[PDB]
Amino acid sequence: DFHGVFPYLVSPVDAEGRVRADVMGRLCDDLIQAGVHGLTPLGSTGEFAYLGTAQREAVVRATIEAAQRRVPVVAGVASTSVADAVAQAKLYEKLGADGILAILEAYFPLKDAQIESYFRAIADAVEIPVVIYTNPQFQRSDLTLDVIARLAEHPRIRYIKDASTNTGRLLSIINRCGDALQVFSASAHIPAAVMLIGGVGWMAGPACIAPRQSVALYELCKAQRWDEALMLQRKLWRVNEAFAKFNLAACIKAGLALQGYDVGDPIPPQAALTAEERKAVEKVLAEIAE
């Protein structure tokens, strides 16, 4: 089962928007060698919202190839429509993905019945496990505890990843669904607290620049070595707090560049961090560098 640290991979592209498979390959290889427990391309940090059909496929294909089945590859599938999401899910599964991170984007408001049919449609489209994505603080259409409970009844919907800051929400989900739905968090949640209350891991952008420390934190929490976990959590939280002001995709791409990875810049109109903003990323990175 999926667990531990899944870095939200940035999507490396050149000026023309062409995906850099080679750069993505060494990054994925290095992250795996650092001990990450999975990889998640096309998450928010991966700028899925700015990439077309071809670019997304290219991102997913490159990740799958570089991983070589070493760790599960959960591919983000975001769409406003059922047909498009189903097409993506089937394609990524066909390419070799191990899981689907189902993301519902909404334009016109949707009732709970419609919201449920979307996720159910994606699950019925593939044979690999689905991870429901949720963030009531950003999404125009999200999931109520009841909808989540009904979805967990699907044989292949077995995980959920909440990216809001409402950690209490996570405890309610676990109290309600137990093991039928394993919980993943994002950087908006304190990893140590998520693990304390019953979560199984986290998918986050920062894990890209601090993979070993993130894995270490995960291990400490699992071993119940809370005092040591918290020492480390405070330091890693300072990293998030520093990033919590910039476009996260632009932030991780800047940090990865400072570490030697030619990931390029975010897709315009997004702006790359300025020399001054980058200097700040540089300082936070150097502080936790081992």
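Each residue number is its position in the shown sequence, starting from 1.
Undergrad: Would 141 to 149 or 85 to 93 have the larger average of its C-alpha temperature factors, as given in the entry?
TA: In the deposited entry, the stretch with the higher C-alpha B-factor mean is 141 to 149.
Undergrad: Can you let me know which of the two, 240 to 248 or 48 to 56, has the higher average C-alpha B-factor in the entry?
TA: According to the PDB entry, the answer is 240 to 248.
Undergrad: Taking the chain's C-alpha temperature factors as the reference, tell me which third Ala66 falls into: lowest, middle or highest.
TA: Within its chain, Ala66 is a highest-third residue by C-alpha B-factor, going by the deposited values.
Undergrad: Compare the C-alpha B factor of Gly178 with those of the other modelled residues in its chain, then answer lowest, middle or highest third.
TA: It belongs to the highest third of the chain when residues are ordered by C-alpha B-factor.
Undergrad: Could you say whether, by C-alpha temperature factor, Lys161 belongs to the lowest, middle or highest third of its chain?
TA: According to the entry, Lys161 has a C-alpha B-factor in the chain's middle third.
Undergrad: What third of its chain, lowest, middle or highest, does the C-alpha temperature factor of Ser187 fall into?
TA: It falls in the top third of the chain.
Undergrad: Using only modelled residues of the chain, where does the Cα B factor of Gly205 rank: lowest third, middle third or highest third?
TA: Lowest third.
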